[PDB]
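In: Experimental structure and its sequence below.
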Amino acid sequence: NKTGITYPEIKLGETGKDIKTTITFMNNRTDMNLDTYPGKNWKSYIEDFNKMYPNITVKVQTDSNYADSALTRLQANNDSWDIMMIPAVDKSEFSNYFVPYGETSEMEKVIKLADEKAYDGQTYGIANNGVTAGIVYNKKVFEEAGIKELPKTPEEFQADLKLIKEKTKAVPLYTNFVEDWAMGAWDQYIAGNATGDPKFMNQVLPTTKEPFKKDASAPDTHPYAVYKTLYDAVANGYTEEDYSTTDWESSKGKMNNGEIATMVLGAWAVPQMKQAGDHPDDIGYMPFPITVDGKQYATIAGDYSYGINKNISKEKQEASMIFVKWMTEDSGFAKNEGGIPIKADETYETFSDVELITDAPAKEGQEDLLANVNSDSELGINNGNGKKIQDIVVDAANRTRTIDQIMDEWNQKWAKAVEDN
Ligand SMILES: OC[C@H]1O[C@@H](O[C@H]2[C@H](O)[C@H](O)[C@H](O[C@H]3[C@H](O)[C@H](O)[C@H](O)O[C@@H]3CO)O[C@@H]2CO)[C@@H](O)[C@@H](O)[C@@H]1O
Ligand SMILES: [Zn+2]
Ligand SMILES: [Zn+2]
Ligand SMILES: [Zn+2]
Ligand SMILES: [Zn+2]
Ligand SMILES: [Zn+2]
Ligand SMILES: [Zn+2]
Ligand SMILES: [Zn+2]
Ligand SMILES: [Zn+2]
Ligand SMILES: [Zn+2]
């Protein structure tokens, strides 16, 4: 764990000014690890970081398959890395792997989302950026299609997709099927966004046996409504022609240039689309098309969080925590990359009527319930089991199963796991 120098105590520019080492920072931003990156690349951020700390050297390592490779590395339990973006590992294991930045109580004072990546009152991960759950869209394609107001319900959304399919040349909704994480992203919409309830994720979901079934009183809400949105898009012919060959890098330029109308991704994705071509002002961001009793909701959550390897020397832990502190407070990464800065001190107009909510903690003694039901059901809700979402695309496309049948398969597995825990 930490060496007696806590994240709130770091005097930026003062502390650790005497250290001379190299630290290794693993992250998912392969694009930023190139000199071609359209915006501010890693070299630049570290160029600026060294203006203030010339003798802390930072080796940036990036992997396209980040979730699996970071987890494998994490499980190897060595000192081959100093910082990584934290992969899909249960919070109860953070103590095994990561250095605590400090008591959550105190991190709250200095950072947003202090209890997102935390256990037993200590905060082990700091979000690199706060991201809102919405949809990236091409405004020009929408006009071309004669869409006037943005869709707020699943039926409105499919009607708009159909307009795009019939009156434009753009793929209405591009799944990015081959990217496991892009499919896993649909789970970022099923709790706050689909229910308006900040307690859904950590309380209602893991105490509900069959949460994926159609909500009978409000059938256009709740997780079913999200997953059906994907199913219907694929099955009605509103997605790419060949899901098996989607290409994520290509799709940026394609949406910039009007060849794609929508992609269901978090707000981090907007500037990446904007810089992919000459048509940045054509990219917008809209709320996900669910309305709950007259209001729309969008969950704010962390993008990848920084984690510090607990196996490294006291000296390397410190320089790591300093580079985090700097990235957080002085780099300006989070804006530049299209989200909410995490240092604790007005977004798209399309969201001005959206209630922004964040998941609340479980009740006392139930903090580990979701992770345990998730593990036993093997559904991996909001982990990066993109696999079950890939399953939706495949079966909607080959028409072998209805969404009701898919959701019932998940419920049976979830319901066993709920009773078991
Ligand atoms: O579900 C985990 C985590 O996902 C975050 O979003 C990530 C993606 O999961 C993915 O790693 C994505 O990587 C891109 C990168 O943005 C760039 O496009 C590069 O060219 O290609 C890689 C993929 O190879 O980056 C985003 C943003 O970090 C985000 O949704 C979190 O809230 C979530 O917990
Ligand atoms: Zn994999
Ligand atoms: Zn895959
Ligand atoms: Zn109901
Ligand atoms: Zn009401
Ligand atoms: Zn168990
Ligand atoms: Zn199947
Ligand atoms: Zn199955
Ligand atoms: Zn029971
Ligand atoms: Zn029980």
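Out: Received, thanks. Numbering: from 1, shown residues only. Ligands and ions are numbered 1, 2, ... in the order given.

In: Tell me the buried residues in the strand or helix carrying residue 71?
Out: Using DSSP states H and E, residue 71 sits within helix 66-76. Under the neighbour-count criterion of 16 or more other C-beta atoms under 10 Å, helix 66-76 has 66, 67, 69, 70, 71, 73, 74 buried. Any C-beta I mention is one placed from the backbone N, CA and C, and that applies to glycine too.

In: what does the chain have sitting close to ligand 1?
Out: Proximity of the chain to ligand 1, by C-beta under 6 Å from any ligand atom, involves residues 28-31, 64, 66, 131, 181, 184-185, 266, 268, 272, 301-304, 384.

In: So how do I select the buried members of these in PyMOL?
Out: Selection of buried members from the residues of the chain next to ligand 1 for PyMOL, criterion 16+ other C-beta under 10 Å:
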select buried, resi 28+29+31+66+131+184+185+266+268+272+301+302+303+304+384
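
In: any idea how far residue 262 is from the nearest residue to residue 167 once chain neighbours are set aside?
Out: Excluding the flanking residues, the one nearest residue 167 by C-beta to C-beta, 6 or more residues apart in numbering is residue 145, at 4.9 Å. According to C-beta to C-beta, to the nearest Å, residue 145 stands 11 Å off from residue 262.

In: Up against ligand 4, what does this protein have?
Out: Contact residues, the chain versus ligand 4 (C-beta under 5 Å from the ion): 215, 217.

In: In the chain, which helix is the longest?
Out: If you go by DSSP state H, the chain has its longest helix at helix 403-420.

In: for whichever residue of the chain sits closest to ligand 4, helix, strand, or coil?
Out: Nearest residue of the chain to ligand 4: residue 217, at 3.6 Å (C-beta to the ion). The three-state assignment at residue 217 reads coil, by DSSP: H, G, I helix; E, B strand; the rest coil.

In: Give me the spatial nearest neighbour of the residue sitting nearest the centre point of the chain, chain neighbours excluded.
Out: Geometric centre of the chain, nearest residue: residue 303, 4.9 Å, by C-alpha atoms, centre = their mean. Here the nearest residue to residue 303 in space, its sequence neighbours aside, is residue 129; by C-beta to C-beta, 6+ apart that works out to 4.4 Å.

In: List phi and psi for the one you found.
Out: Dihedral pair for residue 129: phi 170, psi 140, per degrees, to the nearest 10.

In: Let me know how buried it is, in neighbour terms.
Out: Residue 129: 23 surrounding residues under other C-beta atoms under 10 Å.

In: in the stretch 1-150 of the chain, which spans are strands?
Out: Under the criterion DSSP state E, counting those that start in this stretch, the stretch 1-150 of the chain contains strands at 21-27, 56-62, 83-85, 102-103, 118-119, 122-123, 126-127, 130-132, 134-138.

In: which element is the closest residue to ligand 1 within the stretch 51-200 of the chain on?
Out: Going by C-beta to the nearest ligand atom, ligand 1 is nearest to residue 181 of the stretch 51-200 of the chain, at 3.5 Å. Residue 181 belongs to helix 180-184 when assigned by DSSP H and E.

In: May I have the helix or strand harbouring residue 320 as CSV, with CA atoms only?
Out: In the assignment (DSSP H and E), residue 320 maps to helix 314-326. This file holds the C-alpha atoms of helix 314-326, laid out as CSV (Å, rounded to 0.1, in the frame of the first residue of the first chain):
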residue,chain,number,x,y,z
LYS,A,314,8.8,3.7,-2.5
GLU,A,315,10.7,6.1,-4.9
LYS,A,316,8.8,4.9,-8.0
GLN,A,317,5.4,4.9,-6.3
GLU,A,318,6.0,8.6,-5.5
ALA,A,319,7.0,9.7,-9.0
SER,A,320,3.9,7.7,-10.3
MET,A,321,1.5,9.5,-7.8
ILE,A,322,3.1,12.8,-8.9
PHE,A,323,2.6,12.1,-12.6
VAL,A,324,-1.0,11.2,-11.8
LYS,A,325,-1.5,14.4,-9.7
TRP,A,326,0.0,16.4,-12.6
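
In: could you show me where the helices are in the stretch 151-300 of the chain, in order?
Out: 154-167, 180-184, 192-195, 222-235, 248-256, 269-275 (DSSP state H, counting those that start in this stretch).
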